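These protein sequence lines map, in sequence, to chains Z and Y. Residue numbers for the first sequence follow this note's numbering, beginning at 1301 and rising by one. Residue numbers for the second sequence follow this note's numbering, beginning at 400 and rising by one. The beta-carbon is built from N, C-alpha and C at its ideal position, and this holds for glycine as well. Below: one structure, written as structure tokens.
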Amino acid sequence: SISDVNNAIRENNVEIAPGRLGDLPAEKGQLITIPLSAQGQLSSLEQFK
Amino acid sequence: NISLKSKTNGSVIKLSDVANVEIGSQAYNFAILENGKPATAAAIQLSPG
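Next up, the structure:
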């Protein structure tokens, strides 16, 4: 159905929430914090097909 | 004691077995020193006019 074509795009073209590494409820002796992120979306025509 | 339904063997585990439950702050952003000793404070801004 078209509701199945709609649900396939929502699973495979998704926006992942970034977050950080070493956020402030943290351990004792932590030296480096750094942002982290993941590319979840699609970009070209070949990925959508 | 919130019961969780396992998916490996179908056991019955509580919340305290997979997590740790404590009373803590809501957000951990800011902290305040006052004379070298930890405290808290509030900053007051006056209205226009």
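Please report how far the alpha carbon of residue i lies from the alpha carbon of residue j, in whole angstroms.
i, j, result
"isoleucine 443/Y", "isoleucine 431/Y", "15 Å"
"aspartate 1323/Z", "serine 402/Y", "29 Å"
"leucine 445/Y", "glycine 423/Y", "31 Å"
"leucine 414/Y", "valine 420/Y", "8 Å"
"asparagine 1312/Z", "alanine 426/Y", "33 Å"
"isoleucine 1334/Z", "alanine 1317/Z", "15 Å"
"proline 447/Y", "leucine 1342/Z", "48 Å"
"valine 1305/Z", "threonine 439/Y", "54 Å"
Just checking my contact of residue i with residue j at CB under 8 Å: how many whole Å lie between their CB atoms?
i, j, result
"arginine 1320/Z", "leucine 1336/Z", "7 Å"
Is residue i helix, strand or coil when you go by DSSP?
i, result
"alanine 438/Y", "strand"
"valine 411/Y", "strand"
"residue 1259/Z", "Residue 1259/Z lies beyond the residue range present for chain Z, which begins at 1301 and ends at 1349; the question has no answer from this structure."
"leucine 445/Y", "coil"
"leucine 1345/Z", "helix"
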